[PDB]
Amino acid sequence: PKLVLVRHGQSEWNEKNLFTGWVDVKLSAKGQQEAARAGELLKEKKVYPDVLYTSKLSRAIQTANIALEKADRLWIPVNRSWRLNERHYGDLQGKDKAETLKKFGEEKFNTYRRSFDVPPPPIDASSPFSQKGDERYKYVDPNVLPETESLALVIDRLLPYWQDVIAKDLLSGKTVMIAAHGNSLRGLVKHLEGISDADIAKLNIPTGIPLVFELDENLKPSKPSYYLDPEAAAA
C-alpha cells in the first residue's frame, strides 16, 4: 500500500493573519498555485491516486480539485469526513494572531499553538465563528462535534476513520490520497512514524508538496517517507 498526503496552501485568513481552525475559509490566490504544483508533482513523479480522501473544509477540497486537475485524475472516487478537518481553534477562531500574542503573552500563546494537549478555551455556541449546527455536519452525533481542540484530541477522532475507512482502500492495494490540514496531517504522521508526544511539536509538513508513505501489510512504513520535491521541502 502507498499513501499520499497533501497539505493545503495558504488561505484568505492566513493572509489577514487570522486563526482559522474549522472556519470554512477559501484558498488564497497564492495557495491555489501551490495546489497546481502539488498536482504537477503527482503527475511528474509518477504517483497515481486510485481514491481520494478530504475533510469537509473547502480549502482542502479545493487543493485536491486543482491538484487532481493538473495530474489528469479528476475522475477518481471522493469521500469527505469531519474527522479529517483541521484542529478546531476554539475561542481563538477569527482572532488576530499578533493581537492574541500581546493579550496572552509569549508563553500561553506558544502553548495554545505548539502544545500537544492544551486546547484553546472553547468558543461560545452563539459566536459568529461557531460551526455548531452547521449544515455540513448534520448527520453526525452533535455531542461528538468539538468546540475547541488540541493535537491530541484531533488524533483521537481521526484514527477511527483512518482505521476503518481509509485502511480499507490501503489494504485493497489502492493508492490513497489525502488532502488534509496541518494538525490532522501531523497527527496522522505522528501515529505512523511512532513520534512521541513531546517530539511532535518539532514536525512541520510544508504546503503544496505531496508526502508519500509506502506501507506494509500492517500499515507501518516499509521505508522512510519522502516528498516529491525534497529541495523545496528542506528550505
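Residue indices: 1-based, along the sequence shown.
Name the higher of the two by mean Cα B-factor in the PDB entry, 74-82 versus 92-100.
Mean B over CA atoms: larger for 92-100.
Which of the two stretches, 10-18 or 207-215, shows the higher mean Cα temperature factor in the record?
Comparing 10-18 with 207-215, the higher mean C-alpha B-factor belongs to 207-215.
Just grab whichever of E135, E147, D141, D164 has the top CA B-factor as deposited.
Of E135, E147, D141, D164, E135 has the highest C-alpha B-factor.
Comparing recorded Cα B-factors across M177, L42, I61, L171, which one is largest?
In this record, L171 carries the highest C-alpha B-factor of the candidates.
For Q131, does the deposited CA B-factor place it in the lowest, middle or highest third of the chain?
Middle third of the chain for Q131's C-alpha B-factor.
Going by what the PDB entry lists, where does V47 fall on CA B-factor within its chain: lowest, middle or highest third?
Ranked within chain, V47 CA B lands in the highest tercile.
Mind checking which third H191 falls in for C-alpha B-factor across the chain?
Highest third of the chain for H191's C-alpha B-factor.
For the chain shown, is the CA B-factor of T54 in the lowest, middle or highest third of its modelled residues?
Within its chain, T54 is a middle-third residue by C-alpha B-factor, going by the deposited values.
Among the chain's modelled residues, which third holds the C-alpha B-factor of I200?
It belongs to the lowest third of the chain when residues are ordered by C-alpha B-factor.
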